[PDB]
Amino acid sequence: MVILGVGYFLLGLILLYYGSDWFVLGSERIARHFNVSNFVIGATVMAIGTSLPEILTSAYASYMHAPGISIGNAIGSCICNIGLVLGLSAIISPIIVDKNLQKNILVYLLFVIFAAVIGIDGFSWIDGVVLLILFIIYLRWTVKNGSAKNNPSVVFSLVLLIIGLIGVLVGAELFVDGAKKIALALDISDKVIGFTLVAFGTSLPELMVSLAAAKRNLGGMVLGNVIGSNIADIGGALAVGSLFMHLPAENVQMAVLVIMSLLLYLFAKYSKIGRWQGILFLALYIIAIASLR
Ligand SMILES: CCCCCCCCCCCCCCC
Ligand SMILES: [Ca+2]
Ligand SMILES: [Ca+2]
């Protein structure tokens, strides 16, 4: 059943490509409907929508007594979002960050640092409750200072968003399943090849969404999506995972994330996020995947 593997694989790519653009366009219209910035809609609605892969992966794994998976995938996603995802987007469409989104990015940095320190001895279920509460606070705070019948322009906008989200989520796991069915039918099936495949699959929505937005010069949406997804990975995916079981410490990975997060802030505050910032991010991500576990 080789053909099948390819069928799933390319169909998932079809759903990811077209699904992401619909999701982006639908989110862009919604942002204009609720009079909020593209950053806000990306850091909230879009981020939560694309991080639900991680959240379900994390909870299930830790419940099945594999807490290393929950935290590895959570942190690995964050590193990927800044290194790979934001890296490609910054090059495609350079961003000059307004001084009110710089405040949001600084808050993100503080959140990451707070997570890193309390995770030095691993993440307990109490650590998770705390991170989850901060997650909630971030969302409301991001919405508040980003704000202020049955319209066919609104209905069509929500259809674009939802169908788009379904597209990138179904397509992402058709990608993974399609890849796993090929690797099994070619007898090249490792099980570290399956973990990193599934792990990468959960980051596929963010990748395709942020690339689609970058293609339409929506730099705010991309930046918001990256910041929001990372927070949803830590305050959401990692947090829920800690509820079922103590997540062992990943101090080397956290340090990598803090450094990248710090770089992200300094660039947004005192410079820009363009070509050479993106090249640096991609370099760091490539170094990471070449030397980390
Ligand atoms: C919004 C949902 C919040 C769910 C919080 C669940 C906390 C579960 C804690 C379980 C602790 C078990 C301790 C055993 C010693
Ligand atoms: Ca994701
Ligand atoms: Ca702890």
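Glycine gets a Cβ as well: all are built from the backbone with ideal geometry, and neighbour counts include every protein chain shown. Since every read-out is calculated from the coordinates, none of them should be taken as a lab result.
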* Asked: If you check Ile182 against the conditions, is it outside any helix (DSSP H, G or I) and of a type in the set (A, V, I, L, M)?
  -> no
* Scope segment 110-165; condition within 16 Å of ligand 2 (Cβ to nearest atom) and over 21 Å from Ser210 (Cα atoms); matching residues -> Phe135
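Take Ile96 and tell me if it is β-branched (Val, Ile, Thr) and closer than 20 Å to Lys269 by Cα. Explain how you work it out, then say what you get.
Details: β-branched (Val, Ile, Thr): yes; closer than 20 Å to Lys269 by Cα: yes.
Against the criterion (β-branched (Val, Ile, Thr) and closer than 20 Å to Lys269 by Cα), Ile96 qualifies.
In the list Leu84, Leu88, which residue meets the criterion of being surrounded by fewer than 24 Cβ atoms within 10 Å (Cβ to Cβ) and over 14 Å from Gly219 (Cα atoms)? Show your work before the answer.
On the way: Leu88 fails: over 14 Å from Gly219 (Cα atoms).
It is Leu84.
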* **Selection from segment 198-216 of residues that are within 23 Å of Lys181 (Cα to Cα) and either acidic (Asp, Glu) or touching an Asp or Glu at 6+ places or on another chain (Cβ under 7 Å) (or both)** => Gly201, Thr202
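So is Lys149 charged (D, E, K, R) and either touching a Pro at 6+ places or on another chain (Cβ under 7 Å) or in a helix (DSSP H, G or I) (or both) or not?
Judged against the criteria, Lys149 is not a match.
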* To do: Report those helices (runs of 4 or more DSSP H) wholly inside segment 1-84 carrying at least 2 residues which are within 16 Å of ligand 1 (Cβ to nearest atom) and within 29 Å of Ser153 (Cα to Cα).
  => 47-63
* Asked: Inside segment 211-275, counting only helices (runs of 4 or more DSSP H) that do not spill past its ends, which hold 3 or more residues that are closer than 25 Å to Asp98 by Cβ?
  -> 219-231, 251-270
* To do: Please identify the pairs in which a residue from segment 106-120 that is in a helix (DSSP H, G or I) has its Cβ atom under 7 Å from the Cβ atom of a residue that is within 11 Å of ligand 3 (Cβ to nearest atom), counting only partners at least 6 apart or on another chain.
  => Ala115/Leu131; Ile118/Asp127
* Set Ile75, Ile71: member being more than 13 Å from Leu204 (Cα to Cα) and touching a strand residue (DSSP E or B) at 6+ places or on another chain (Cβ under 6 Å) -> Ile71
* With respect to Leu11, is the statement that it is out of contact with any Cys (no Cβ under 6 Å at 6 or more places or on another chain) and farther than 25 Å from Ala255 by Cα true? -> yes
* Out of all the residues in segment 157-169, is one or more within 16 Å of ligand 3 (Cβ to nearest atom), of a type outside the set (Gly, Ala, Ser), outside any loop (DSSP other than H, G, I, E, B) and within 18 Å of the chain's Cα centre (by Cα)? -> no
